[PDB]
Amino acid sequence: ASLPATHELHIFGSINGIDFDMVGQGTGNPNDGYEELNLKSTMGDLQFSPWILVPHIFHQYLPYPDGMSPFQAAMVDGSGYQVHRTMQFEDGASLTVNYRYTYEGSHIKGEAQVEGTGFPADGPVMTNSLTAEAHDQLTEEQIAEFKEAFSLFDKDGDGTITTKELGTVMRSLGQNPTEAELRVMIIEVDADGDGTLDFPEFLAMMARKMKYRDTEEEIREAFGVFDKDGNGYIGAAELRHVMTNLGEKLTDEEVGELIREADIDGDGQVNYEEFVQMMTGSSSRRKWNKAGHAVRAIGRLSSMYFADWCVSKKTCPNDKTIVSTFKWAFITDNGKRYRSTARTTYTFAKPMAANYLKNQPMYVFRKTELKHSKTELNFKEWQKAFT
Ligand SMILES: [Ca+2]
Ligand SMILES: [Ca+2]
Ligand SMILES: [Ca+2]
Ligand SMILES: [Ca+2]
C-alpha cells in the first residue's frame with residue numbers, strides 16, 4: 001500500500017445488549033495526523049451516548065516526529081497490525097473493541113466490533129447525557145471568593161488583568177512565561193477580545209469543565225506549588241511564601257491561625273488531605289481559598305493551549321506489540337465526571353523497525369470533535385506524537 005488518503009469504517013456490535021451498526025466515509029493527512037469521518041447508522045436512532053465511540057472511530061494517519069509511525073510503516077509494508085482495546089468505566093461497565101483493516105493503495109477499509117456491558121440503565125451513557133460543554137454552578141459566596149482571587153492578579157486595581165499583571169504573578173511563583181505565552185493564555189479566555197482578562201471572563205474560565213483536566217489534577221498541582229520542598233506537608237513558612245508572593249500580606253499571628261484552621265490532625269503542618277478539605281475560622285478558610293483559587297487560575301491559564309488534547313502513553317512489550325493507555329473523564333450534561341481508562345494492544349504481523357523500540361515511551365496527544373444527531377456523526381481528529 002501507500003500512505004493513506006481515504007478510509008471507511010464499519011463500526012457495529014452492542015451496548016447493554018442493544019445492537020448498533022454505523023458505516024462511515026472519511027479522509028485524512030498522514031503527514032500531520034488529521035482525520036475526518038462521517039458515520040451514519042444503518043439501524044435507526046442510536047440508543048446510547050456516541051461519545052463512548054469517539055476513541056474507536058486509524059493510526060495509519062499518525063506520523064512520528066522524523067518519519068512514519070509503526071502503524072503507518074505496517075500499512076505501507078502491507079503486513080499490517082490488529083487492534084484489541086478494552087475500556088473500563090467507573091460504574092463497572094466495560095467495552096471491548098477489535099479491529100480489522102485492509103488496504104488498497106491509499107485506501108483503508110476498517111471494521112471495528114464493539115461490545116459493551118454493565119452500563120446502569122439510567123446512567124449518562126444509556127441516557128445520552130455526555131457532552132463536550134458544561135460549567136460549574138457557582139453560589140454568590142463562591143463568586144465572592146473568585147473576586148478575592150482575581151484582586152491578587154489585578155495589581156493596579158483597574159478591574160482587569162493584563163499580560164503585565166499575569167506575568168508578575170506567575171514570576172512571583174517561580175514561572176517565567178514569555179510575552180507570547182501570556183498573550184495566548186489571555187486570548188484563550190478573553191471573550192470580549194480587548195486583550196485583557198476581566199472578572200466575568202475570569203469567573204467563566206474558572207467555572208468551565210475542561211475535557212482532560214479535572215479538580216483533582218488542579219488541586220494536586222496547587223498542593224505542589226504550596227509544598228515547595230515536596231515533603232508532602234505545607235509548613236507555616238511555605239504557606240507564608242505562597243501568600244507573600246501572591247501579594248496577600250499576613251502577620252505571623254495570621255499565618256499561625258491559617259495553619260491551625262487547616263491542621264486537623266494537630267502536627268502543625270498541612271498534609272494533602274487537609275489541603276483538599278480547605279480547598280472544598282471562616283475568615284481563615286476564605287484566605288486559604290483566595291490563595292488556592294489564584295494558584296489554580298495560574299495552573300488553568302498555563303494549561304489552556306492543550307485543553308482540547310488527551311495524552312496516550314505507548315510502550316513495546318516486544319518487537320511485534322504496542323500497548324497504549326489513556327484515561328478520559330467524560331463530562332455529563334450536569335457537569336459531573338464519568339471516568340474511564342483504556343488499554344489498547346497492537347499486534348504487528350512483522351517485527352517493528354529497531355528505532356521504534358529505542359524510542360520508548362512515545363506520548364501521543366489527540367484532539368477530537370464530535371457533532372451528532374440520533375443517526376449521524378461528524379468526527380474530526382488532530383494528533384501529534386512526541387518522544
Ligand atoms: Ca489591572
Ligand atoms: Ca477581555
Ligand atoms: Ca513542605
Ligand atoms: Ca496536619
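Residues take their numbers from the sequence shown, with the count starting at 1. Atom set for the values below is all heavy atoms of this structure, side chains included, hydrogens, waters and symmetry mates excluded.
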Could you work out, with ring pair (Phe, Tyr, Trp, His ring centres under 6.0 Å) as the rule, every residue matching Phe58, not counting sequence neighbours? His7, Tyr101

Apply ring-ring contact (aromatic ring centres under 6.0 Å, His included) to residues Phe306 and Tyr212 and explain how you reach the verdict. CA-CA 9 Å; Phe306 64 94; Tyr212 311 109; 9.8 Å; no

Can the ring centres of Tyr363 and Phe386 be said to be less than 6.0 Å apart? no

Hey, mind stepping through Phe12 and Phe20 against ring-ring contact (aromatic ring centres under 6.0 Å, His included) and telling me if it holds? CA-CA 5 Å; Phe12 73 94; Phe20 80 98; 7.8 Å; no

State, yes or no, whether a side-chain contact exists between [X] and [Y] at a heavy-atom distance under 4.5 Å.
X: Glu188; Y: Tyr305; result: yes
X: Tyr61; Y: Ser69; result: no
X: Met304; Y: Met185; result: no
X: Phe330; Y: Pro124; result: no
X: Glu35; Y: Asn29; result: no
X: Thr131; Y: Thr332; result: no
X: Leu246; Y: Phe153; result: no
X: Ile108; Y: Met75; result: yes

Assess whether atom CD1 of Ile187 is packed by more than 12 heavy atoms of other residues, nucleotides or ligands within 6.0 Å. no

I want to check a possible cation-pi pair here: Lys380 against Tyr34, using under 6.0 Å from ring centre and within 45° of the ring axis as the test.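 Geometry flag: not set, cation outside 6.0 Å or 45°.
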
Indicate whether the side chain of [X] and that of [Y] have a donor and an acceptor atom separated by less than 3.5 Å.
X: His10; Y: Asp21; result: yes
X: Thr387; Y: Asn359; result: no
X: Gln269; Y: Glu238; result: no
X: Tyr338; Y: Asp91; result: yes
X: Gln142; Y: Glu140; result: no
X: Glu376; Y: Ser373; result: no
X: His84; Y: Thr345; result: no
X: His59; Y: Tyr346; result: yes
X: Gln88; Y: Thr341; result: no
X: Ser324; Y: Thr344; result: no

How many angstroms lie between [atom1] in [X] and [atom2] in [Y], if you round to the nearest 0.5 Å?
X: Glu381; Y: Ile57; atom1: CD; atom2: CD1; result: 9.0 Å
X: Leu197; Y: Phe150; atom1: CG; atom2: CZ; result: 6.5 Å
X: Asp190; Y: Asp198; atom1: CG; atom2: CG; result: 7.5 Å
X: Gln60; Y: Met68; atom1: CD; atom2: CE; result: 12.5 Å
X: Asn231; Y: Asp229; atom1: CG; atom2: CG; result: 3.5 Å

Tell me the salt bridge (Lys or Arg N to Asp or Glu O under 4.0 Å) pairs involving residues 148-172, sequence neighbours left out?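 Every pair satisfying salt bridge (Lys or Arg N to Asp or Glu O under 4.0 Å) with a residue in residues 148-172: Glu148-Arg286.
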
Answer yes when [X] and [Y] have at least one side-chain N-carboxylate O distance shorter than 4.0 Å, and no when they do not.
X: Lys290; Y: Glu248; answer: yes
X: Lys371; Y: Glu369; answer: yes
X: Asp308; Y: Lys211; answer: no
X: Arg213; Y: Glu218; answer: yes

Could you please spell out the steps behind the side-chain contact (heavy atoms from CB on, under 4.5 Å) verdict for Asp263 and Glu261? CA-CA 6 Å; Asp263 177 24; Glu261 169 67 28; over 6 Å; no

Identify which one of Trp51, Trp328, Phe119, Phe48 satisfies the ring-ring contact (aromatic ring centres under 6.0 Å, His included) criterion when paired with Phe89.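 Passing option: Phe119.
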
Hey, can you tell me if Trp288 and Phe275 have their rings parallel, tilted or perpendicular (30° and 60° cut-offs)?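 Judged by the thresholds at 30° and 60°, the geometry between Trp288 and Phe275 is perpendicular.
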
Pair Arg339, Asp214 - check salt bridge (charged side-chain N to carboxylate O under 4.0 Å, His left out), show working. CA-CA 11 Å; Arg339 298 178 182 286; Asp214 65 14; 2.9 Å; yes

Any chance you could lay out the salt bridge (charged side-chain N to carboxylate O under 4.0 Å, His left out) test for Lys350 and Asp77, step after step, and finish with the verdict? CA-CA 9 Å; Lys350 293 186 182 174; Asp77 183 74; 3.2 Å; yes

